[PDB]
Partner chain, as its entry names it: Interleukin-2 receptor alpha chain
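Here you get one chain, nothing else, as structure tokens; it is the form deposited without the partner chain.
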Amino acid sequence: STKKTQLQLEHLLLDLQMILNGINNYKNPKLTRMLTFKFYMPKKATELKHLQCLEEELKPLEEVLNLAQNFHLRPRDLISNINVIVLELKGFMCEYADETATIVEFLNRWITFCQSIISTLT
């Protein structure tokens, strides 16, 4: 059971890295515009339940990705896969930090979240 959970988190981790890697490959003028969009961050993220904070930001994430545009998956598909994993993992009202972050900082934070939880299940 713990193994199934770890594997789901690992897939979420790779999914998030794929978005970040794709975004890092945008041309700079484009990336500069993309970095103006505000994302909301969890005050605290240490347990699966905290994934609610990620779930609520999936819509704006998909919108921004759609607005952007070589991605080997359509944003709707990529976000759908992330959506499924998040829904199955968190099975609480998300507390957000005052400061917003760019899409890059937001992805990093959630990538870090996954890596941290994965390491408690090894």
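Shifts are known only where both forms have a C-alpha. Positions refer to the first chain, counted from 1. Just so we're on the same page, rigid core means the largest C-alpha set that superposes within 1.5 Å between forms.
The protein also exists as the form solved in complex with the partner chain; that form is not presented, and the subsequent description refers to it.
A.B. asks: Does the partner chain get within 4.5 angstroms of any non-hydrogen atom of residue 91 in the entry with it bound?
C.D. replies: Taking the distances in the entry with it bound, the answer for residue 91 is no, it never comes within 4.5 Å of the partner chain.
A.B. asks: Using a 4.5 Å heavy atom cut-off, state whether residue 48 contacts the partner chain in the entry with it bound.
C.D. replies: Flag for residue 48 set to no.
A.B. asks: Scan 20 to 52 and note down the residues that get a heavy atom within 4.5 Å of the partner chain in the entry with it bound; none is a fine answer too.
C.D. replies: Sequence-ordered list: 29, 30, 32, 33, 36, 37, 38, 39, 40.
A.B. asks: When the rigid core is used for the superposition, does residue 36 move between this form and the one not shown (threshold: C-alpha shift of 2 Å or more)?
C.D. replies: Superposed on the core, residue 36 moves its C-alpha less than 2 Å between this form and the one not shown.
A.B. asks: Once you compare with this form, do the C-alpha atoms of residue 28 and residue 22 lie closer or farther in the entry with it bound, given a change of 3 Å or more?
C.D. replies: Pair moves closer in the entry with it bound.
A.B. asks: Answer with closer or farther for the CA-CA spacing of residue 26 and residue 80 in the entry with it bound compared to the shown form; it moves by 3 Å or more.
C.D. replies: Here the pair is closer than in the entry with it bound; there, farther apart.
A.B. asks: Taking the rigid core as fixed, pick out the runs of 3 or more consecutive residues whose CA atoms all shift by at least 2 Å between this form and the one not shown, and give them in sequence order.
C.D. replies: CA shift run, sole hit: 25 to 29.
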